[PDB]
Number of protein chains: 2
Amino acid sequence: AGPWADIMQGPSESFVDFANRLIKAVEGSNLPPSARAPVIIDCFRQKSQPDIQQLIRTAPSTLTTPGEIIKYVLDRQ
Amino acid sequence: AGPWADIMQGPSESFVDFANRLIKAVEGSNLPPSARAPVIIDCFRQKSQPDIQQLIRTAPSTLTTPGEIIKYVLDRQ
């Protein structure tokens, strides 16, 4: 579907809108099922807006899933 | 190591230099071993220069590995 490795949070885009685009692309992609979650986590870390990248870095290592990181970011706005 | 999902072939960069940067980053990353090759293949498809993206699309489905695609691109220059 969407070129998942090109997806980055735009300057007018909310984190959740970016996460939804990214995840739709990853789920529609040719990646092995077990690669999806790590790819999503890394693209959140690397491809969100710079301030959000910084916020994600504060989350403890106990937050391991995309859903945990989405709740983390949104609830700190 | 390098943020593997940010890596894209620059306008003055050869395909092999980009492939080497990308692969170094992927190999140094937190991705599961089995995710590496598909991630590399997709980042070649999506993150090379536009003309190279087009060339990669011509390669038949029988070319499945990063090394096969690297030889394919380089030998057609």
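Naming convention: chains lettered A, B, ... in sequence-line order (proteins, then strands); numbering from 1 in each chain.
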Measure the spacing between [atom1] of [X] and [atom2] of [Y] and express it to the nearest 0.5 Å.
{"X": "B:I40", "Y": "B:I23", "atom1": "CD1", "atom2": "CD1", "result": "4.5 Å"}
{"X": "A:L31", "Y": "B:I41", "atom1": "CG", "atom2": "CD1", "result": "11.5 Å"}
{"X": "B:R57", "Y": "B:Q53", "atom1": "CZ", "atom2": "CD", "result": "6.5 Å"}
{"X": "B:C43", "Y": "B:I7", "atom1": "SG", "atom2": "CD1", "result": "8.0 Å"}

Verdict with supporting geometry, B:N30 and A:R45, side chain to side chain contact (heavy atoms under 4.5 Å, CB included): CA-CA 12 Å; B:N30 64 16; A:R45 290 174 179 186; 3.3 Å; yes

Residue pair B:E27, B:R36: steps toward the side chain to side chain contact (heavy atoms under 4.5 Å, CB included) verdict: CA-CA 7 Å; B:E27 294 289 350; B:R36 299 188 186 130; 3.3 Å; yes

Please report the closest heavy-atom contact between B:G2 and B:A25, naming both atoms and the distance. O-CB, 3.7 Å

Before giving the answer on side chain to side chain contact (heavy atoms under 4.5 Å, CB included), spell out for A:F15 and A:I56 the whole-Å C-alpha distance, their side-chain angles and the decisive distance to 0.1 Å. CA-CA 11 Å; A:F15 181 73; A:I56 291 175; 4.1 Å; yes

Within the side chain of [X], is there an N or O that forms a donor-acceptor pair under 3.5 Å with the backbone of [Y]?
{"X": "B:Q9", "Y": "B:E13", "value": "yes"}
{"X": "A:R21", "Y": "A:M8", "value": "yes"}
{"X": "B:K47", "Y": "A:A5", "value": "yes"}
{"X": "A:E68", "Y": "A:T65", "value": "yes"}

Side-chain donor/acceptor pairs under 3.5 Å, residues 70-77 of chain B, sequence neighbours excluded:
unit_1	atom_1	unit_2	atom_2	d
B:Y72	OH	B:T58	OG1	2.7
B:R76	NH1	B:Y72	O	3.0
B:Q77	NE2	B:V73	O	3.0

Hey, does A:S14 have a side-chain heavy atom less than 4.5 Å from the side chain of A:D17? yes

Compare all side-chain heavy atoms of B:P38 with those of A:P32 and state whether any distance is below 4.5 angstrom. yes

Any idea how A:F18 and A:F44 line up, ring-wise: parallel (<30°), tilted (30 to 60°), or perpendicular (>60°)? tilted

Side chain to side chain donor-acceptor pair (under 3.5 Å) filter on B:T64, not counting sequence neighbours, yields none

